[PDB]
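Q: What would the 3D arrangement of this be:
(2 chains)
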2 protein chains.
Amino acid sequence: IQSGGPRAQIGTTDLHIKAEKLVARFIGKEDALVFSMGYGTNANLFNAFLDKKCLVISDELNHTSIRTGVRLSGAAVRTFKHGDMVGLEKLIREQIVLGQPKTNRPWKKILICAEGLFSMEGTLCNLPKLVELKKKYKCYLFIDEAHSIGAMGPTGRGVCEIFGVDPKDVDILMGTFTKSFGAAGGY
Amino acid sequence: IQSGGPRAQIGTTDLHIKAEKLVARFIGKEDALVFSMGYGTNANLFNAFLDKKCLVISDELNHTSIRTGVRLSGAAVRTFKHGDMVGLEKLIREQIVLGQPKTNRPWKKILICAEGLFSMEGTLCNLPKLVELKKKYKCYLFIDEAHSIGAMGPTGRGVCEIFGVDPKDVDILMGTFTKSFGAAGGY
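A: Numbers count the residues shown, from 1 in each chain, chains lettered A, B, ... in the order given. Please see the structure below:
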């Protein structure tokens, strides 16, 4: 029941490797990492590939861990109404035109954050339209499948299975094993 | 008394080479070209290294050939009062901040055009201050020595000699042989 240390020092075993391979095969992607806490995963993720010159467009009903992870990095944030896609397109166009505040230089990066199933409304995210806009305006997509993975779809693969979307147009997927698998951690 | 054709096809002789070397040695620079008309020189110069994304800051009393050469390329133009350097510094700072019109992206290039001696006032250009601002704000300098070369200075080298400025901080110099040398052409 004891671990040695961080995964980069002595912490890795063969079980971690097997779990990563199995998760990657299950989802439909190429590689994966597993962490010991979902909240920690969201909190410490965005800090790695975002700065104060990038921008994040997020739905107004996202989780708190995403908000803390965005706040720790320093990026700018704008939000759109829940379930409105015309507002999302208008906001994307206006923010590409305007540029960084006080300087109007081009945004170094743009990232769109959504949630597979919002666990206060029961509604889903319009994944096809998000992928369409993502393709058109050269943005990026980040999906949080905590309440979706394992429990929804014809075979339980999430929202990509539900919408028949190829799970390749979604840049980053993450979730937790706590909700439908009776365990702890995230990926 | 006859020429063959353009300099790039059959037009070059050894006399052109000797004249170019002699002019380059006389001025204090490394290389030079000679053209058959000063007006044509100014008209067709700027078209080679300027586009619609660069900017030109020129004095309000420049010659007409410079204006036509700038108009043919497509660059933007702003002017400053004659003999005012605080206005020049303020304009440089504001135009670096603002950026390209309608888009506010950074100016791809900035060029400052002046004249060694304005042949309607008899006044000189404040070359030391221009070189100072040029060094500080990373601009470029273009000087038109038509009435200055050959006729002014302790030995007749122009305004660089008058102001003891090293003729290396001035990016491009041009002039004519018509005014003080009793000939035709430009360099």
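Q: leaving aside the residues next to it on the chain, what's closest to the residue of chain A found nearest chain B?
A: Taking Cβ to the nearest Cβ, chain B has its nearest neighbour within chain A at residue A:104, 3.8 Å off. Any C-beta I mention is one placed from the backbone N, CA and C, and that applies to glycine too. Excluding the flanking residues, the one nearest residue A:104 by Cβ to Cβ, 6 or more residues apart in numbering or on different chains is residue B:104, at 3.8 Å.
Q: Just list the residues touching the one you found, thanks.
A: For residue B:104, the contacting residues are A:99, A:104-105, B:98, by Cβ atoms under 8 Å, 6 or more residues apart in numbering or on different chains.
Q: Please give the element, helix or strand, for the residue of chain A closest to chain B.
A: Element membership for residue A:104, per DSSP states H and E: none, as it lies in no helix or strand.
Q: Need phi/psi at it.
A: Torsion angles at residue A:104 (phi, psi; degrees, to the nearest 10) stand at phi 60, psi 20.
Q: And for residue A:11?
A: Torsion angles, degrees, to the nearest 10, at residue A:11: phi -70, psi -20.
Q: Kindly report the same for residue A:77.
A: Here residue A:77 shows phi and psi, under degrees, to the nearest 10, equal to phi -130, psi 140.
Q: Look up how far residue A:67 lies from the closest residue to it other than its chain neighbours.
A: Once flanking residues are discounted, residue A:77 sits nearest to residue A:56: 5.3 Å by Cβ to Cβ, 6+ apart. Residue A:56 is 10 Å from residue A:67, where distance means Cβ to Cβ, to the nearest Å.
Q: and these two? which has more neighbours close in?
A: Set side by side, residue A:56 and residue A:67 show more neighbours around residue A:56, with 22 against 15, by other Cβ atoms under 10 Å in any protein chain shown.
Q: returning to what we had before: give me the buried subset of the contacts of residue B:104.
A: By neighbour count, with 16 or more other Cβ atoms under 10 Å in any protein chain shown, the contacts of residue B:104 hold A:99, A:104 as buried.
Q: From the contacts of residue B:104, pick the one nearest residue A:10.
A: Residue A:10 has its nearest neighbour among the contacts of residue B:104 in residue A:105, at 44.7 Å by Cβ to Cβ.
Q: The closest one contacts residue B:106, doesn't it?
A: Yes. Residue A:105 is within contact range of residue B:106, at 7.2 Å (criterion: Cβ atoms under 8 Å).
Q: contacts for the helix or strand hosting residue A:17?
A: Element membership for residue A:17, per DSSP H and E: helix A:14-27. For helix A:14-27, the external contacting residues (Cβ under 8 Å, 6+ apart) are A:7, A:30-34, A:149, A:157-158, A:167, A:173, A:187.
Q: what do you get if the cut-off is 10 Å, keeping everything else the same?
A: A:7, A:13, A:29-34, A:145, A:149-150, A:156-158, A:160, A:167, A:170, A:173, A:175, A:177, A:185, A:187 (Cβ atoms under 10 Å, 6 or more residues apart in numbering or on different chains).
Q: Just the buried ones from those?
A: Here, 16+ other Cβ under 10 Å leaves A:32, A:34, A:145, A:149-150, A:157-158, A:160, A:170, A:173, A:175, A:177, A:185, A:187 buried among these.
Q: Of those residues, which is the nearest to residue B:38?
A: Proximity of those to residue B:38 (Cβ to Cβ) peaks at residue A:170, which lies at 64.3 Å.
Q: In contact with the closest one: list those residues for me.
A: Counting by Cβ under 10 Å, 6+ apart, residue A:170 touches A:27-29, A:114, A:127, A:130-131, A:134, A:140-143, A:145, A:158-160.
Q: Could you report the distance from residue A:69 to residue A:155?
A: From residue A:69 to residue A:155 the distance is 30 Å (Cβ to Cβ).
Q: what about these two, which has more around it?
A: The neighbour comparison of residue A:69 against residue A:155 (other Cβ under 10 Å) goes to residue A:69, with 24 against 7.
Q: mind listing the helices for chain A?
A: A:14-27, A:38-45, A:64-73, A:86-98, A:127-137, A:159-162, A:178-181 (DSSP state H).
Q: among those, which is nearest residue B:77?
A: helix A:86-98 (25.5 Å).
Q: Can you tell me which helices and strands the closest one packs against?
A: Here helix A:86-98 touches strand A:55-59, strand A:76-80, strand A:110-115, helix A:127-137, going by 3 or more Cβ pairs under 10 Å, 6 or more residues apart in numbering or on different chains; DSSP states H and E.
Q: ok so, going back, now, which of the contacts of residue A:170 sits nearest residue B:83?
A: For the contacts of residue A:170, the nearest to residue B:83 is residue A:140 (53.6 Å; Cβ to Cβ).
Q: what about the closest one, how many residues close to it?
A: 16.
Q: Quick one: residues contacting it.
A: Applying Cβ under 10 Å, 6+ apart, the residues contacting residue A:140 are A:49, A:54, A:56, A:109-113, A:134, A:170-172.
Q: biggest separation within the residues you listed, which pair?
A: Farthest-apart pair in those is A:54 and A:170; separation 18.7 Å (Cβ to Cβ).
Q: State the phi and psi torsions of residue A:51.
A: phi -140, psi -170.
Q: Only the buried subset of the contacts of residue A:140, as a ChimeraX command please.
A: The buried residues among the contacts of residue A:140 can be selected in ChimeraX (16+ other Cβ under 10 Å) with this line:
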select /A:54,56,110,111,112,113,134,170
